[PDB]
Amino acid sequence: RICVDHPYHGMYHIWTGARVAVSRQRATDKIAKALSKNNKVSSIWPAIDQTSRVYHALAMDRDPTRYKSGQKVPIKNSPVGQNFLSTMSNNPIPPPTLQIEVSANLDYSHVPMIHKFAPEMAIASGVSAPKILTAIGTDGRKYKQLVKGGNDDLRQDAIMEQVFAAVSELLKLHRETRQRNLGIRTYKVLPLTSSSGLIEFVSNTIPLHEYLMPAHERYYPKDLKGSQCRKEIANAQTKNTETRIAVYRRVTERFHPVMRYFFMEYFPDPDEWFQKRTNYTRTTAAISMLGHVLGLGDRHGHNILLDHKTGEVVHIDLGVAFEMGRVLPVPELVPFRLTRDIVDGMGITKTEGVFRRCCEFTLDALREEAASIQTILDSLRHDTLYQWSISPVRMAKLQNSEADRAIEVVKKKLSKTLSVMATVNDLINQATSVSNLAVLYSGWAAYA
Amino acid sequence: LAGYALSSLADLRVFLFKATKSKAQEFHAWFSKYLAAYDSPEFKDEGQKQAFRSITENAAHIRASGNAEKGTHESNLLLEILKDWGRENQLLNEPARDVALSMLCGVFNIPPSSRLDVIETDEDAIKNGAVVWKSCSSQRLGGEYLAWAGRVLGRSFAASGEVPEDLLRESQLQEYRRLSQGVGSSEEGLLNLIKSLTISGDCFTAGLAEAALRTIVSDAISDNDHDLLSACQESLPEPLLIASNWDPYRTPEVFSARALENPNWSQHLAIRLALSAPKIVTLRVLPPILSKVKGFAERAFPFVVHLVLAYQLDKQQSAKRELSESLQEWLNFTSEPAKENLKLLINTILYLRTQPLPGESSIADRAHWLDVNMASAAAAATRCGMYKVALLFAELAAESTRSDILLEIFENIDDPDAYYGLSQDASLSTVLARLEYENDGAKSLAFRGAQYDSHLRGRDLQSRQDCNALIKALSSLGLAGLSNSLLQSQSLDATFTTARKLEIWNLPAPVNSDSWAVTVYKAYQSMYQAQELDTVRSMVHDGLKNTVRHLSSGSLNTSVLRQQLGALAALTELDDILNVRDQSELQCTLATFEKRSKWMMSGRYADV
Amino acid sequence: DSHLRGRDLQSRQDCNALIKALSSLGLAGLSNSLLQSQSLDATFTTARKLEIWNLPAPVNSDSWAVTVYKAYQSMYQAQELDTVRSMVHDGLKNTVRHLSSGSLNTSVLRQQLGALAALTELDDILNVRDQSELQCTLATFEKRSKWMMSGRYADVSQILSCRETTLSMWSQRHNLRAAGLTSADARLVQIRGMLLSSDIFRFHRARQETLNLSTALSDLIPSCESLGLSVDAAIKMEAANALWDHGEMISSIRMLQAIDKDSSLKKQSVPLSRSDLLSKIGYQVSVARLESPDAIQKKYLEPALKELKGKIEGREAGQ
Ligand SMILES: Nc1ncnc2c1ncn2[C@@H]1O[C@H](COP(=O)(O)OP(=O)(O)OP(O)(O)=S)[C@@H](O)[C@H]1O
Ligand SMILES: [Mg+2]
């Protein structure tokens, strides 16, 4: 009944389930056969069927010669590309990465369908080339998409994106966090198979590392490059803590933050500048507290996007949660990312003022909703397919009862024993400590 | 044709000796028939075609004055003009719209009730509030039009709790970016400024502007200047771009202090700068326009400064040296007659920060246009009430280094949390200052009572100020009787807020006061001392008019601004309940209160 | 408010109640303004706290506030100690005659006994002749503090407020003092009595009284530096204690660190050791988590043990 009333919210789950795992597959196959039999959803299920087949075929198709990392190839020179374009013309659907709100009136006609595809697609650097498609909708907007193939696990990312969105919705029920619009920015992950997915390409952002590494040499031509800092930190990785801390101090004495310019060169008007810098500080505070409470890790510069229209940060790739990150070979022993460049963008009063007050308001509202967060994590506990450890496949892809333990850690981070002021003080002390930042992995660019 | 028709029909309707009048009437009839029969493929959409039809038809039948009643011709015309003003592809232009508005709104007629009003719903008011504020920022508007504009702004604020964004901007960078559009150069900005003089001047001004444009476009066509050609082809429409070309034929002390105080500093300095660069054809045709036209020098100052500085970049940098030496004296200038030129200096510095220097690596080199001491500029912008500009300058200064002005910035900038990031030495007094900034309740009453006792006992002279603070605190709580007793022992807002809360309707209210509490108090007092609803309506309308006139006065911080908007909202709700006629209207007023509660749950606490 | 707005007749009684409330707090200026807008105890308690010595006191009144007020007023308007002794003795006599009158509840009874105690402390400090007697009076105050820590709050607050008035009036009236008692001595003894009362009021969790005392002490620093006294460190530490007990942790820590940075804790009457200051800063920084526990030990605790200077006995080293 859910898939019949709200097809764009249930039919991709049914498709993934069909195309104790054998029993689940059989039941979802029966539901799919029944869906392609009734009159309400009979022109929607075949469209999703054919379209998902061609999206998956396009995802799996990796050819190092035909798909060169960094280029921009017109998607008609492969047979997969032409089959994809034909099938997508013959079957109209909404863009699979568009977030559709649920309609109480049960009317999903006002939803933009895919009109056409831009002729070309970009390609990113990797082994299984992630391709960035663009779809022009009926209303004339551009929906970009990563068509991700390989052996990754997007269901972890999708589950955690849903959990984070639910907790941020909890934040709207309190006067102090609602007055400041404290919340997180969401995106859409859609797992197609156990090896492929569609990720929503967030519209007009730029990765934090792609801004920071050119800016460091543009504004300080006498400083070290970013690669030189990374190499100097990686060479002293198998040495005692004293040598690591000494090398880290030596490297950050020749590397100065440049984040304060992001706002001076995208917003030259002081009114806009002030508003966008406040947006940056507030969204950073909210995601810092929320990711401390849920153990969010893997917070390097390629998982953080800067929105250069509104100034706020977007966190993607949210799959390493519940402290899975301090089990890695070189552990991540910081509560959140608060390097010198993150703090440089906050202004002349570095962490005092907006950041610390918004951290305190967020944490105070979170530990007043510990029952609802317990309910959300309990719903997570009855999910058969969610893994509470990090399988060595992704653990090797990252650095070159488990439910009960995790939920108990979360529950004791929300305890009212200490005050919010003291808790936030301790968190900001251990997030900016040079003895904690010096022993982080080199790909987690802490010097930056 | 839309603007010409509107202006012509308006001036005829005002103009309507016997034979001349009959000829004018026959022309009016012929012209209205022509316009009714007019139809063009050049209409952007069909919305523009219906707007054209409505404007022309309603203008053809207006009276001498304007009103706001629902269904007349004058109110339909006013609503069309306002709806057209806020758009992207607008039919009218500034001179025609100004003529129409000075005809309609010169002598106005505000409806008694609000059920007979052309704007009566909260949604109409939210939609049209920005344009109605943009309109009531002239000088040729009657009192009843300002009362009507206050009613619309008050209904918009009571329905949304949001300030129109024209009241919140503090720099002119938006206008400089609207002018220098298409390419983004100062030449396009000057060309737009000069082009706007052809359609909006008298004979003399339009003649000067047409002469300037002819010189510029001809000397750009002959000399094959591609930059200036690209500026002209995007600043001027084609008919004006063709009438400016002599195709066969041939074309027929300031730099010192105390000069910031005469009201013609900008004009003299602009002429002095533009004369120093004869090779630029756009600056050569300026001194006539700068000297004749009024208010042109202030609008054109940044473009002139930038053009001169960019011209003599590789040559001997004379204007840079002179301006950067004078700025050391101009920025440290505390004066009332000099504030309005200091604003223009700050806006010029801001504008130069957005222009790329030729041969630059980063934006950190745009600090080389002039040589500004950013601490002095921050202090100057704090004196002028531009606190976000002051914060930006303070940050640039701090970068130049690698705190007495930062306190004045953070006390007044509009953010809940920024003030708490400033570091200041600790004491009971500083904690009290933070608690009174924070508007705490009993927590500041404790510290203030301790100070006040200690100052009364020691016969200190600060106790007076202490009492003041206490009264302020006791009004932020709701304890009105205590603040009344503290006032009777010897502010204005406190006096009249307390009198209204306790319902003491016999205070002699001052006349011509800038306090919102006095305005609201006079309305309620008149409601107490009156036997006819007409006296009360007159007092409410005088309150709305005076409040709008005070909002237009300019230099207000954000707290005072929102207090005035809340006074407008209060007077509008008073006027709404004074005009109920039956039970259904009473229930509709109650339902309106409920919807506004929906907005109020999340809004700022002072306004609510 | 609701009774003033509705022109109700109960507002009078409301005002009465309010004045009573505003005297149980310590907010004397507010109750003064509420009285001038038109009780007896409230009138004369407020007049004594604000030091308004020109009220015409009724004669033959059963109020303790009037008795104590007349004694202090006579202390203000007199050039000879004999007139003041006569007024104090008349007060004691009348108070005993009123206690003997019979029908008194327990609150009025204890108010009268506290009036007797106040008049006795006044008489004690009026009769000091040298420095040894001044130090003996201060030691008496300390022993009574030992009893006061656990006693009933009404009696303790009454006695302590009257003691504050006594010490300040004695410090002001230069002709009532003996020969060899300079103004620096009177000022120093007033400061010490106030700091003692602040300890007592702190144990009772009386926030407004510690606030009142620390404000009134901070106002004495200008007129203490002209008499040749160094009492800024103890008075600023009392201010920091008031802040900490109202919940302002960072303000208190910053204030104590300012005391430690720029102040000479050696040349200081009302002494203050550097190790107890350092350990106080360390404790407050640990409670607020303001620094990492590795800098707390490096900046505040090991410096404190080093400031002890080999002494391993006493209460300072114990702390
Ligand atoms: N949903 C998204 N929207 C916008 N940009 C994205 C999105 N996902 C990834 N990116 C960025 O696009 C690029 C693609 O990176 P990916 O191939 O997804 O993984 P990666 O992080 O770059 O590489 P590693 O090996 O995982 S560190 C990176 O610069 C990402 O920051
Ligand atoms: Mg990634």
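Residues numbered from 1 in each chain as written, not as in the entry; some residues may be left out. Chains lettered and ligands numbered in written order. Part of a larger assembly, values for the part shown. Heavy atoms only, no water.

- Per the PDB record, this model was obtained through cryo-EM at a reported resolution of 2.8 Å.

1. What to know about the pairing of strand β6 (residues 189-193) of chain A
Reasoning step 1: Looking at chain direction, β6(A) and strand β7 (residues 196-200) of chain A are connected through four bridges and run antiparallel. Residue pairing across strands places A:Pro191 opposite A:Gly197, the latter belonging to β7(A). (Pairing = 2+ DSSP bridges. Helix = DSSP H or I, 4+ residues; strand = E, 2+ residues; numbered from the N terminus.)

2. Structural notes on the interface of chain B and chain C
Reasoning step 1: Facing 33 residues of chain B, the contacting portion of chain C comprises 32 residues.
Reasoning step 2: Both faces considered, chain B and chain C share a buried interface measuring about 2,600 Å² in area, 59% of it formed by carbon and sulfur atoms.
Reasoning step 3: Interface area lost by chain B to chain C is led by B:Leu428, B:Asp453 and B:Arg457, which between them contribute 21%.
Reasoning step 4: For the pair chain B and chain C, the interface holds two salt bridges.
Reasoning step 5: Note that B:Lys443 and C:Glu248 form a salt bridge whose closest N and O atoms lie 3.3 Å from each other. (Contact = heavy atoms within 4.5 Å. Buried area = accessible area lost by both parts, 1.4 Å probe. Salt bridge = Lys/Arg side-chain N within 4 Å of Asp/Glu carboxyl O.)

3. Focus: the site of ligand 1
Residues and elements named next belong to chain A.
Reasoning step 1: In the vicinity of ligand 1, the residues found are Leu146, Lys148, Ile199, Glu200, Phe201, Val202, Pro207, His300, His302, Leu305 and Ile316.
Reasoning step 2: In this structure, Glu200 approaches ligand 1 through a main-chain N or O atom, which is 2.8 Å from a nitrogen atom.
Reasoning step 3: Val202 is positioned such that a nitrogen or oxygen atom in its backbone is 3.1 Å from a nitrogen atom of ligand 1.
Reasoning step 4: Isolated, ligand 1 exposes 630 Å² of accessible area, and the fraction of that covered by the protein chains is 68%.
Reasoning step 5: Of all the elements in the fold, those that place two or more residues in the shell around ligand 1 are β5 (142-149) and β7.
Reasoning step 6: Of the residues contributing to the shell around ligand 1, the split by class is seven nonpolar, two polar and two charged.
Reasoning step 7: Three or more residues apiece are contributed to the shell around ligand 1 by two domains, here domain 1 (42-150 + 187-202) and domain 2 (151-186 + 203-448). (Near = heavy atom within 4 Å. Polar contact = N/O pair within 3.5 Å; in protein donor to acceptor, adjacent residues only side chain to side chain. Areas by Shrake-Rupley, 256 points an atom, 1.4 Å probe, with all protein chains shown as cover. Nonpolar A, V, L, I, M, F, W, Y, C, P; charged D, E, K, R; others polar. Domains from an automatic or database assignment.)

4. Digging into the domain arrangement of chain C
Where interface size is given, it is often the accessible area lost as the parts come together that is meant.
Residue and element names in this part refer to chain C.
Reasoning step 1: One can read the domain layout of chain C as domain 1 (39-128) and domain 2 (129-311).
Reasoning step 2: On a C-alpha basis, the centres of domain 1 and domain 2 stand 29 Å from each other.
Reasoning step 3: When domain 1 packs against domain 2, close to 2,200 Å² is buried across both sides, 58% of that on carbon and sulfur atoms.
Reasoning step 4: Summed over the three residues of domain 1 that lose the most area to domain 2, namely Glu121, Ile125 and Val128, the buried surface amounts to 32% of that side.
Reasoning step 5: In this structure, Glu121 engages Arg144 in a salt bridge whose closest nitrogen and oxygen atoms are separated by 3.3 Å.
Reasoning step 6: On inspection of domain 1 and its partner domain 2, the count reaches ten residue pairs in polar contact.
Reasoning step 7: Those elements giving two or more residues to the side of domain 1 that touches domain 2 turn out to be α4 (40-50), α5 (64-76), α6 (81-99) and α7 (106-126).
Reasoning step 8: Broken down by element, the residue count for the side of domain 1 that touches domain 2 peaks at ten residues, all from α7.
Reasoning step 9: A per-class count over the side of domain 1 that touches domain 2 returns 16 nonpolar, four polar and six charged.

5. Notes on helix α11 (residues 226-235) of chain B
Residues and elements named next belong to chain B.
Reasoning step 1: Considered for burial, the residues of α11 that qualify are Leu228, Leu229, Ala231, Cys232 and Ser235. For α11, the arc enclosing every buried residue in end-on projection is 160°, short of the 170-degree limit, so these residues lie on one face. Turned more than 90 degrees off the buried face of α11, the exposed positions are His226 and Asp227.
Reasoning step 2: Its buried side turned inward, α11 meets α9 (186-200), α10 (203-222), α12 (238-242) and α14 (281-284). (Buried < 20%, exposed > 50% of the residue type's maximum accessible area, 1.4 Å probe, protein only. Arc of directions from axis to C-beta.)

6. Comments concerning the pairing of β5(A)
All names here are of chain A.
Reasoning step 1: One ladder, built from six bridges, connects strand β4 (residues 131-137) with β5; its direction is antiparallel. In the strand pairing of β5, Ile136 is matched with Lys142.
Reasoning step 2: In this structure, the hairpin formed by β4 and β5 is closed by a connection of four residues, where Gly140 is found at a positive phi of approximately 85°.
Reasoning step 3: Two strands pair when backbone bridges link them, and β5 and β7 are joined in this way by five bridges, in the antiparallel orientation. Considered in β7, the bridge of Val147 is made with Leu198.

7. Points about the nonpolar core
Reasoning step 1: Core analysis: the largest hydrophobic core is formed by 179 residues, its most contacted members being A:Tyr211, A:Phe322, B:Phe296 and B:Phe393.
Reasoning step 2: At ten residues, the largest contribution of residues to this core is made by helix α16 (residues 296-311) of chain B.
Reasoning step 3: Beyond its immediate stretch of four places on either side in the chain, B:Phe393 contacts B:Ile346, B:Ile349, B:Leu350, B:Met374, B:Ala377, B:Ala378 and B:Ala381.
Reasoning step 4: The next biggest cluster of nonpolar side chains, apart from the first, holds 59 residues, and it includes B:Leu9, B:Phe31, B:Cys136 and B:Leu578. (Core = buried A, V, L, I, M, F, W, Y, C linked by side-chain atoms within 4.5 Å.)

8. Quick word on the interface of chain B and chain A
Reasoning step 1: The interface is formed by 39 residues belonging to chain B together with 29 residues belonging to chain A.
Reasoning step 2: Summed over both sides, the interface between chain B and chain A buries roughly 2,700 Å², with carbon and sulfur atoms accounting for 59% of that surface.
Reasoning step 3: When the buried area of chain B at its contact with chain A is split by residue, B:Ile363, B:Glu395 and B:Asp417 rank highest and sum to 21% of it.
Reasoning step 4: The interface formed by chain B and chain A includes five salt bridges.
Reasoning step 5: Where chain B meets chain A, there are eight residue pairs in polar contact.
Reasoning step 6: Top contributing element to the side of chain B that touches chain A by residue count: helix α20 (residues 387-401) of chain B, with nine residues.
Reasoning step 7: For the side of chain B that touches chain A, the residue count by class is 19 nonpolar, seven polar and 13 charged.

9. Regarding the domain arrangement of chain B
Reasoning step 1: Each assigned domain of chain B is listed with its residue range as follows: domain 1 (1-170), domain 2 (171-334), domain 3 (335-424), domain 4 (425-490) and domain 5 (491-580).
Reasoning step 2: Between domain 2 of chain B and domain 4 of chain B, the C-alpha centre-to-centre distance is 56 Å.

10. A look at the side chain of C:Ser251
Reasoning step 1: The topology assignment puts C:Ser251 in helix α14 (residues 249-261).
Reasoning step 2: Setting aside its immediate chain neighbours within four residues, C:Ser251 contacts B:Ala426, B:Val431 and C:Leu243.

11. Topic: a nonpolar patch on the surface
All names here are of chain B.
Reasoning step 1: The grouping of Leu1, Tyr4, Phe27, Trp30 and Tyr34 at the surface amounts to a nonpolar patch, some 560 Å² of accessible area in total.
Reasoning step 2: If you tally residues by element for the nonpolar patch, the top one is helix α2 (residues 18-37), at three residues.
Reasoning step 3: By the secondary structure assignment, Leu1 is in the segment before α1 (2-15).
Reasoning step 4: On the basis of relative accessible area, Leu1 is assigned to the partly exposed category, the value being 43%. (Patch = residues over 30% accessible without salt bridge, like charges linked within 9 Å, V, L, I, M, F, W, Y side chains within 5 Å.)

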